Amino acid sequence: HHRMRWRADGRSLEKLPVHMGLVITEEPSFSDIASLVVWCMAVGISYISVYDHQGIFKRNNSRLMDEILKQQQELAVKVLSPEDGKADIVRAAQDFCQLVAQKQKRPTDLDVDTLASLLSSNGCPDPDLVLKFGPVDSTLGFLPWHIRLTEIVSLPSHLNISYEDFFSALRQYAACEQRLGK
């Protein structure tokens, strides 16, 4: 049905995010973001993380899943919190420093690569594209380790987000040139 329509939409962009993050800075409206996430799946984005600084979505988690499955009638999703950022980086530190204390790992043995293997995101790619909704011009603690190359596209509100609005953002990311330092 309309699933092939959204498949060809995402397939038509020069690039599609493998991992997309949704940062809500704005009470947030579950009906709205629950339809942003199903759009990502329909167009072909594999992983969607939803985030907020007050931790509203992590508390009211199940209530957000219900809105997601409901709007799947119109038709790999993590709900993050500040805990997911610096706190998890400080968790991996304590995990490694005790390996150093067990005389099993050496302090010099941790590098950029191994520390990445140690974070909770060891079972996911870094977010390719982050949609920031609301008036705040900050990431507000979104996965600081992981957003080293993420493209950060802002939209004024998730208040009544349209498909065209969301898809206009994917068009911006498709046109972004990642030079990766070269």
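Between two forms, the rigid core is defined as the largest C-alpha subset superposing within 1.5 Å. So that there is no doubt, residue numbering starts at 1 and follows the sequence shown.
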ask   = Which is farther from the shown form in 6 other deposited structures of this protein in C-alpha RMS with the core fitted, 119 to 127 or 40 to 48?
value = 119 to 127
More shifted region, core-based fit in 6 other deposited structures of this protein, 65 to 73 vs 149 to 157 by CA = 65 to 73
key: residue 26-residue 27 interval: deposited residues absent from the model   = 1 to 3
task = For the stretch from residue 100 to residue 101, please bin the deposited residues that the model skips: none, 1 to 3, 4 to 9, or 10 or more.
result = none
inquiry  = Please compare 113 to 121 with 49 to 57 and name the stretch with the higher mean C-alpha B-factor in the deposited structure.
reply    = 113 to 121
inquiry  = Please compare 102 to 110 with 85 to 93 and name the stretch with the higher mean C-alpha B-factor in the deposited structure.
reply    = 102 to 110
query = Which of these has the highest Cα B-factor in the record: 62, 139, 150, 157?
reply = 62
inquiry  = Which third, lowest, middle or highest, does the C-alpha temperature factor of residue 128 belong to within its own chain?
reply    = lowest
key: residue 69 - which third its CA temperature factor falls in, relative to the rest of the chain   = highest
query = With respect to C-alpha B-factor, does residue 8 fall in the lowest, middle or highest third of the chain as deposited?
reply = middle
ask   = residue 77's Cα B-factor: lowest, middle or highest third of the chain?
value = middle
